[PDB]
Asker: 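Below you'll find the structure I mean.
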Amino acid sequence: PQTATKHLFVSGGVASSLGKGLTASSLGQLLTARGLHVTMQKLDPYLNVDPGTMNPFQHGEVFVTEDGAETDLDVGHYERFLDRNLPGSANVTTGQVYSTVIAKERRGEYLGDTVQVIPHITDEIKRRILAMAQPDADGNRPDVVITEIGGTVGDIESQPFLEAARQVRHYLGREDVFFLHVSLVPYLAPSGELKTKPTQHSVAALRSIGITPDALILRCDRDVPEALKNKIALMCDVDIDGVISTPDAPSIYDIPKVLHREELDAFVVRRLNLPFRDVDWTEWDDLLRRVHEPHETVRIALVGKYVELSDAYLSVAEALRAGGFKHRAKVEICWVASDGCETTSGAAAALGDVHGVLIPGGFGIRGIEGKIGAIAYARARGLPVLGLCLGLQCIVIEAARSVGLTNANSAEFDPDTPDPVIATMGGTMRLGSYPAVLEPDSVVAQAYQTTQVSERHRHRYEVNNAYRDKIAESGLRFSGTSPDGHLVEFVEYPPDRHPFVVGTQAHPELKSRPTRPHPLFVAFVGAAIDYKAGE
Amino acid sequence: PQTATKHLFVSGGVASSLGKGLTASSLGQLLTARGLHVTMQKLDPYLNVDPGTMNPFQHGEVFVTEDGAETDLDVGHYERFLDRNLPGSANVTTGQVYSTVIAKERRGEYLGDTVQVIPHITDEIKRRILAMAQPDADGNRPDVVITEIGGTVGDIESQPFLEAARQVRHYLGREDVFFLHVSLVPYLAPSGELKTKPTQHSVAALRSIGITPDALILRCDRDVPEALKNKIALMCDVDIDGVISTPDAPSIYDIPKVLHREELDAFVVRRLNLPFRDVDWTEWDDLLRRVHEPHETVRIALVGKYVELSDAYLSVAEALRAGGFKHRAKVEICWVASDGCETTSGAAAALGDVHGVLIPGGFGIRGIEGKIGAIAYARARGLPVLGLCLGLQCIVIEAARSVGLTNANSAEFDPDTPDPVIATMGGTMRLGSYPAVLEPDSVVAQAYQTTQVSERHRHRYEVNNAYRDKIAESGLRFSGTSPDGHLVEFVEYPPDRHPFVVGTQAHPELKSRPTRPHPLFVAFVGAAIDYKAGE
Amino acid sequence: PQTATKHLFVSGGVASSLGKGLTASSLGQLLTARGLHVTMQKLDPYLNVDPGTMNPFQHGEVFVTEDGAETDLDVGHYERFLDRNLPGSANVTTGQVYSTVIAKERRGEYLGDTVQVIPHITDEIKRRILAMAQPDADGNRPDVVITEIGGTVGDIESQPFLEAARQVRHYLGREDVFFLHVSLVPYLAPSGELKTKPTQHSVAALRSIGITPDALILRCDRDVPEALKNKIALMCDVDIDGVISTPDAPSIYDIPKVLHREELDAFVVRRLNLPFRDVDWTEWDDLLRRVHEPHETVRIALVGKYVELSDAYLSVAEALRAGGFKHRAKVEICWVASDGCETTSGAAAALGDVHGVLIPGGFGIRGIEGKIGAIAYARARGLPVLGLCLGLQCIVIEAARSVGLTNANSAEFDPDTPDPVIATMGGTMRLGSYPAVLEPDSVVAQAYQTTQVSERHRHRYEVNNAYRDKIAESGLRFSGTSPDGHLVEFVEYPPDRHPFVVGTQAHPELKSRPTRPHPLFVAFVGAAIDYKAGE
Ligand SMILES: O=c1ccn([C@@H]2O[C@H](COP(=O)(O)OP(=O)(O)OP(=O)(O)O)[C@@H](O)[C@H]2O)c(=O)[nH]1
Ligand SMILES: O=c1ccn([C@@H]2O[C@H](COP(=O)(O)OP(=O)(O)OP(=O)(O)O)[C@@H](O)[C@H]2O)c(=O)[nH]1
Ligand SMILES: O=c1ccn([C@@H]2O[C@H](COP(=O)(O)OP(=O)(O)OP(=O)(O)O)[C@@H](O)[C@H]2O)c(=O)[nH]1
Ligand SMILES: c1ccc(-c2csc(Nc3nc4cc5c(cc4s3)OCO5)n2)nc1
Ligand SMILES: c1ccc(-c2csc(Nc3nc4cc5c(cc4s3)OCO5)n2)nc1
Ligand SMILES: c1ccc(-c2csc(Nc3nc4cc5c(cc4s3)OCO5)n2)nc1
Ligand SMILES: NC(=O)CC[C@H](N)C(=O)O
Ligand SMILES: NC(=O)CC[C@H](N)C(=O)O
Ligand SMILES: NC(=O)CC[C@H](N)C(=O)O
Ligand SMILES: [Mg+2]
Ligand SMILES: [Mg+2]
Ligand SMILES: [Mg+2]
């Protein structure tokens, strides 16, 4: 019979941004390849009940699940490395826990007690952790749950989750629980030395709350010397087999290979006494060939907020690269500002050297006229264009203005527009998976190679059915809809008007994986390659 | 012009139950007698949004304000020592703060930030503290706000409030902020020595969070020797003028005299540079004469949960003593269990030696038949009876059963009763002050010496107007009502049926003060004295 | 009259090696240039009573004072920036403090008390701090004492000194005491962001022991953005005028200019209310011209332990550069291993491209045959050579072997040598300043331009007076001696044998300053320049 389910806790020291979520994802990929069944959880110590209120240009994109949960973006790294649809239960926040305990208290469920952080908050967190280990709807019980604890050890907001993880160690014992601690080793250029003292103080801080790490991951810009690992092992009371050197890798897809070279997964498997097996690399070896040995390069403009990389489009950038991997092409992202495209000369300057334009969606944007300028320029030049949610809305507005409805706009951006071609059907936010039907041999039907699809949604405005007949005077096809046809889901131009100009109301980048590119990103990068070839 | 408003923070170490709320009340009484205007606040670190859910026999009574807030009972010590109606704003809890910040977050008011314990929770607490210093509805600004921080220094739940108090010290400076720290000095009988080490570790804990105490209150069963106070002052870095010895006093009304003997208030006034004046003792000297030199003793049965003192009836016990002070009588409380009175022989055993029976109210009780037995016995013996809220309901039920409605009951305790003489007008809980009119020369009108009164409410059942005519066949008078007569507020028997048997739907014990006894408790203890005299 | 003496405490966070000793030296240079009288102290938390036992290749050179104290090398940065002879009292260690308190205890001086860390150790440290503020032998009282506390805030060994510094703040008050805190801001290359969290946790650690910093020095590889300094100031409760950005400078002599650009000294002068004045830069501007705009470059071989920079020769490297500054020459140090010079072909490989050879001294070396090979090669090539202490001993041994005493050696390295030309006069270690007389118009007399000098000593072997007549058959002159002639202090070859081959038994690099080059290093770098010119 199957063993007891193991719990592995991932924690971080010195600083955030050390990549412990990619560490947890790579350890999940490794343990999955050894034949274990892994499930994953993130704990977020912030008080927002979900990141749907948070600014994505400051705090990164909101990930959306099939069940329509708005989650932290680390759940997207879990999805991309596991290739699994994760539930909304995969993300916990302090705001959810406190709101739940206070609601139970106001209903009288604690039978007249004083309600406290310990036990009642830590009990709610511990319940949410132990719930992950229960059998799924198909009867499968995980072999391990990997739980990543957000923040830094030493943060006031981190303390309840670390106390609950300690209580899980006490309840299940050291045979069923493993603690992995991520820490920074800085280099000082004037004296030319790596400093171990920050890791020592971080492990001392962790020990002061009753947790001893089973392994240390040392984050550094260069390989940590053996003598320094020995000093760390000695001072931190950690097995030298558990002090792992992890210099920064060229891509996130190398991290599994790095962790396997150091034998972290073998250390974990031995320590937890799990059913050992060798890793099979064949598919991740094919991935890394497509990563590191591309046959060609193509440039995609991303018409976003600013001319620099932002986690606001992390999953769009990853989906573009994955769509390139299918062709063995390097997709270089040219981050273009929306506002430089507002003038037609400015558009021709910024969007001039690129081979495709992507118009990304999301909340946290105000004003869209520059994106409509980018679309108009791209259609004039004959570039391929992929518009995601708001990109569809901009394509429909640009079409409406092209048919002479010069003041036509989204009611979200001109409530006084005489022709609200985009309007609420504040309306209702559509969230999560909805089905669609595609017109046969429509461009999107060729991309999916089917007439029936489902995609994840996060929007509250719809294409105005009152304007369809006028918009269609451009030749635009409402080629994909809700199954009743009531809602437009996809728009396309026929192939003889433009080679590929497509918008979708959905967020398909959330369904993409490096091992399984999404069909539209494949077809879009294909049209970009064909443009570069024809130009 | 008036100075800046000072903030004095009261905090506790080693343990709870050290009496820091009575300390804060006595310091408020002293500073008021020197002519300063004092206002008071309590911070409760528990997550209950109010104690209305908490069991009063475990956690003490719920105090009720004029504006109908359910508050912690320490607000009642503030009311009794200040003789001031305090607002609901006088009590803050962690549950209120978190519920408020989470509601603001879900409304988008933090403009896309990550919401954190620091700043946003500590900012909400600091706002609630600094709000106390604003002018009242009559334009009066307090000279000092005294803020008592609940829990013990070292509790996880205490940390946000202590951090906010530190931020107030940083914002206003040491000239406007004073920290008072209450601590325990234990005596060890085998070695015969007082131990200073617990206070040293408590002050070290306080210093580790950035607060240095301005004075230490040492709680002990015996007077602390001068050499020990010197050792404490030396080790704790506290001015020897600020190490105060406070042995346990015979009554809570002695604590002001004790604190003045040690010159704590003079130390505070000097340190804060407040307008000095002498205390006038004349009224508190008259109080302490009525406390310590009573002319006679009378026994009042309290028919409560159990035969021992409980904070579930703290304000009823204090109101009974205050009602005795008017007569210069010692009122000795005979705590009687409800259940020993269920049999008539058991009632005659427990309620046999007493001169009056009080039937107290509250939530947290189930079953009332023993209290109805107590009332029936007391009316048979001819004892005086005062029934508070539920005591009125029991008196009305006992009357209904006496007129032959043998199964008549409260629907709260027999939902299947054929004659629900007490019923909901789950109904609506009446809270706070409501007016009443009293029948002229009714017994209650003689007690108040008026026909118009207002009293605080906390109940959701009413006397059934359908049964008034039948209940009145006992001779019961509905002598006090709501101003329309729709609701019964007071019941009495005429004086020739019984000397004093009164119930009120209100909680008059909340309006009582030691310096200002409530009229009904005066009239009840008077009827008890008259019974002892006649018997 | 002069004000009270101010105490400024320098402390470090996150890691050691952040350069807080050069920070303290540069602040001393700045405050001296504004006309204040500064004196300096270092506290070392290690238990060694002095570093004379510690390995200099692991822990850096031992500095030697005029009074013959063996001290930490930071006292040499104090000497070079102040140009002051510092006492042995300038360095305190835990070993000295504990040895002193335990000796007092064993003598009964604590009158039968229990001896404790607090008070007695912290009292001894506080006494050693406050002693620095007493008038010197000429009656001058310092305006400020700058005290650098070694280690990192969070180290167990640091805690007594930080507690004593807190007690000094409490005793003298915030008007007389300033706390400067040095901290690291790391850069993470994968995400491209500077992290403030390590500084926040470091300041929180400092606050947890009762110290609030008056200013933060942020150590970084790049200039910290204004928004990050604002975040730090906000979270750490530090005045934004006191958050100082200090990227790594090209040389240690730029740090004063960097700290003045940020106005740290003006912030300090204002905060301490010291007599303000402008800095005069004229001499440090001339220094920085000689640093940054040299007219030529010359290569000096250093025949040390290893082919890389070591703090074992920090003051020798600085003395060589200072000796170059006089000529406006860049002296590039070619670090050469002793052992590569053991074969004559290996010597001709390693010492081939250089223009002068320096043979440095010290303890912590075993075996000298490679240095004798280097000297023999250099004399054959005709290179100039400067031998410091052991370098003199090697020159005398090389001479003895050149006159045919093939087995002649130091008894320290061959106790069985038949001809111990270097021997103990374990002998007595000579420490500190001793006088010497120089033969008139000897090469050393031309260098000093005098016949009478004093130099610092740290050695226990002497030139064997029994061998002088034989060694002189080489033509070597014992041109400098003790005043009686009993001890050889300097050896030279006459100018027609070699242009400059000099050894001294002393450590003249300890008397050198960048503003005042030592005469021998001037004459040696001059002979190296002349060789490069003639070759
Ligand atoms: O992965 C996570 C998840 C959540 N959080 C939570 O976000 C909040 C901010 O935590 P930060 O680490 O971001 O602190 P900071 O921004 O102010 O400092 P630096 O960037 O300069 O380094 C904290 O409450 C933390 O618990 C994380 O830090 N990391
Ligand atoms: O059994 C022992 C042995 C040794 N010591 C050592 O004696 C020193 C004094 O430790 P104390 O416990 O006696 O502190 P204190 O006297 O100042 O406080 P109180 O009596 O009022 O409670 C401390 O350094 C301690 O470590 C003990 O306390 N107990
Ligand atoms: O300037 C000083 C003086 C003295 N010390 C004392 O030396 C001892 C070692 O303190 P370290 O800072 O050197 O710790 P570490 O070597 O083991 O860690 P890393 O180098 O890798 O960063 C500690 O006891 C400290 O108090 C310093 O660290 N710095
Ligand atoms: C956002 C931010 C960064 C990146 C990005 C691109 S490449 C790269 N390199 C990395 N190497 C390691 C190596 C680790 C580790 C984490 C990382 S991250 O934890 C275990 O050892 N990070 N992408 C988007
Ligand atoms: C509930 C619980 C107790 C009592 C009760 C009855 S008598 C008594 N004696 C006391 N003396 C002091 C002296 C203090 C002090 C607090 C107290 S409490 O803080 C400052 O110094 N406590 N009543 C109801
Ligand atoms: C041994 C080790 C290093 C060096 C060396 C050579 S150059 C250089 N650059 C530096 N810049 C700053 C800037 C600071 C500071 C310290 C330093 S050290 O604290 C205040 O701001 N360090 N030499 C011998
Ligand atoms: N996710 C998005 O791109 C949203 C686009 C637009 N604000 C809408 O709600 O329809
Ligand atoms: N406060 C009370 O005594 C409440 C009594 C009764 N449970 C009611 O609600 O009417
Ligand atoms: N300081 C030194 O170079 C010492 C050299 C040699 N060991 C001696 O004592 O004489
Ligand atoms: Mg070290
Ligand atoms: Mg003792
Ligand atoms: Mg941040």
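Note on naming: letters A, B, ... go to the chains in the order of the sequence lines (proteins, then strands), and numbering restarts at 1 for each one.
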Asker: Rounded to the nearest 0.5 Å, how far does NE2 of A:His7 lie from OH of A:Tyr171?
Answerer: 10.0 Å
Asker: Is a donor from one side chain sitting under 3.5 angstrom from an acceptor on the other, for A:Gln41 and A:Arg128?
Answerer: no
Asker: So, using salt bridge (charged side-chain N to carboxylate O under 4.0 Å, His left out) as the criterion, who are the partners of A:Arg261 when residues are at least two apart?
Answerer: A:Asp223
Asker: Just by distance, do the side chain of A:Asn55 and the backbone of A:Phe57 share a donor-acceptor pair under 3.5 Å?
Answerer: yes
Asker: Any side-chain donor-acceptor pair under 3.5 Å between A:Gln159 and A:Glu163?
Answerer: no
Asker: For A:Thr282 and A:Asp285, test the side chains for any donor-to-acceptor distance below 3.5 angstrom and give the result as yes or no.
Answerer: no
Asker: Among side-chain atoms of A:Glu148 and A:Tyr78, is any donor-acceptor pair under 3.5 angstrom?
Answerer: yes
Asker: State whether a side-chain donor-acceptor pair under 3.5 Å links A:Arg141 with A:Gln134.
Answerer: no
Asker: Hey, does the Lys NZ or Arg CZ of A:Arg270 hover above the aromatic six-ring of A:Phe276, less than 6.0 Å from the centre and inside 45° of the axis?
Answerer: no
Asker: Among A:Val14, A:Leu206, A:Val203, A:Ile211, find the one that has a side-chain contact (heavy atoms from CB on, under 4.5 Å) with A:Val153.
Answerer: A:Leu206
Asker: Just how far is it from atom NZ of A:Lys42 to atom CG of A:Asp72, taken to the nearest 0.5 Å?
Answerer: 4.0 Å
Asker: How about CD on A:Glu283, more than 12 heavy atoms from neighbouring residues, nucleotides or ligands closer than 6.0 Å, or not?
Answerer: no
Asker: Would you kindly say whether A:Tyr46 and A:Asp44 are connected by a side-chain donor-acceptor distance under 3.5 Å?
Answerer: yes
Asker: Quiz question: by atom type and distance under 3.5 Å, do the side chains of A:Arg80 and A:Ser315 form a donor-acceptor pair?
Answerer: yes
Asker: So, are A:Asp286 and A:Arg290 salt-bridged, with charged N and O less than 4.0 Å apart?
Answerer: yes
Asker: Looking at A:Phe179, is A:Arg169 sitting on its ring face, NZ or CZ under 6.0 Å from the six-membered ring centre and within 45 degrees of the normal?
Answerer: no
Asker: If you measure only the distance, is there a donor-acceptor pair under 3.5 Å linking the side chains of C:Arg219 and C:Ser183?
Answerer: no
Asker: Do you see a donor-acceptor pair shorter than 3.5 Å between the side chains of A:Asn140 and A:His37?
Answerer: no
Asker: Side-chain donor-acceptor pair under 3.5 Å between A:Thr246 and A:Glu262, yes or no?
Answerer: no
